[PDB]
């Protein structure tokens, strides 16, 4: 029969033979070996209740991530510094810089955009600190942007606040490459940070700012906005949204996050809010991209769709799949599945090291 919840509506990560069993056992303490509990509200709830729900979801996910990162041996030899810059709207934006302490000369730069559906989680949290140390350790300079969120502790700031913060922060890092010891500059991020990464490149082309971007690496991108569509609609367009619904994340939670990010959903088909909607003309001329998708992630199909769009637009594009992986498993299970974690860090290192500096090429 068909895989996952297409073949058996009651299947979950534990009962899906495709799931890496180490990750099932790593999620069991949190109850996330089985299908996520349903959302107690939907996208028609009053905004006040949606923000309360998102604040609780933020805390709940942060508890999971803190426990998964707890007790890890430090990454050796990383220098960390925080910079604080002026945002577009009188707001301060923190940048978390990571580099190998011994590094002599310029290294590839990674402008890292954290996930959380553009509405929750902090770049200051342990799962992101760890990922930026891990990337830096390979011989990169990593700059993690703390942008305004749609909700939670760093919210509420609707679309396009976080996207504007990412723009200003990218411009600041690009203007300081030499000071920061950066050669090429890649924008990277997972899930909602994969969304902001892809939209950051689309916007940079529109604004004449593409000198800032030598490459783009999007992991498990959260880009369709279509989580609130019926089971039949989701099955017809993006079947992974049914096949793997409730595998770590659920369409019901994501549909509330869509409304939280953009109240009224005037930008539901705007490629800067939801890059799945990008037209060919939005993508022509973009720098090299990687789209990394996860096998048992509901967001798998929308990530594959974006790779097809980039191919159709002539971008120097690549894609990969992480076998056995739930949404963001390759960034979460540094303890339980270190090989999966290492393979993603090493793929990103291999991509950024391959890049040419495009500001110095005729364009």
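Residue numbers count along the first chain shown, from 1.
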{"query": "Comparing 55-63 with 33-41, the one whose average Cα B-factor in the PDB entry is higher", "finding": "33-41"}
{"query": "Greater mean Cα temperature factor according to the PDB record, 289-297 or 247-255", "finding": "247-255"}
{"query": "Selection by C-alpha B-factor (highest) of 26, 310, 304, 321", "finding": "26"}
{"query": "Which of 92, 134, 281, 165 ranks first by CA B-factor in the deposited coordinates", "finding": "281"}
{"query": "Chain thirds of CA B-factor: placement of residue 350", "finding": "lowest"}
{"query": "Relative C-alpha B-factor of residue 317, binned into the chain's lowest, middle or highest third", "finding": "lowest"}
{"query": "Chain-relative CA temperature factor third for residue 206", "finding": "highest"}
{"query": "Position of residue 178 among the chain's modelled residues by C-alpha B-factor, lowest, middle or highest third", "finding": "middle"}
{"query": "Position of residue 231 among the chain's modelled residues by C-alpha B-factor, lowest, middle or highest third", "finding": "highest"}
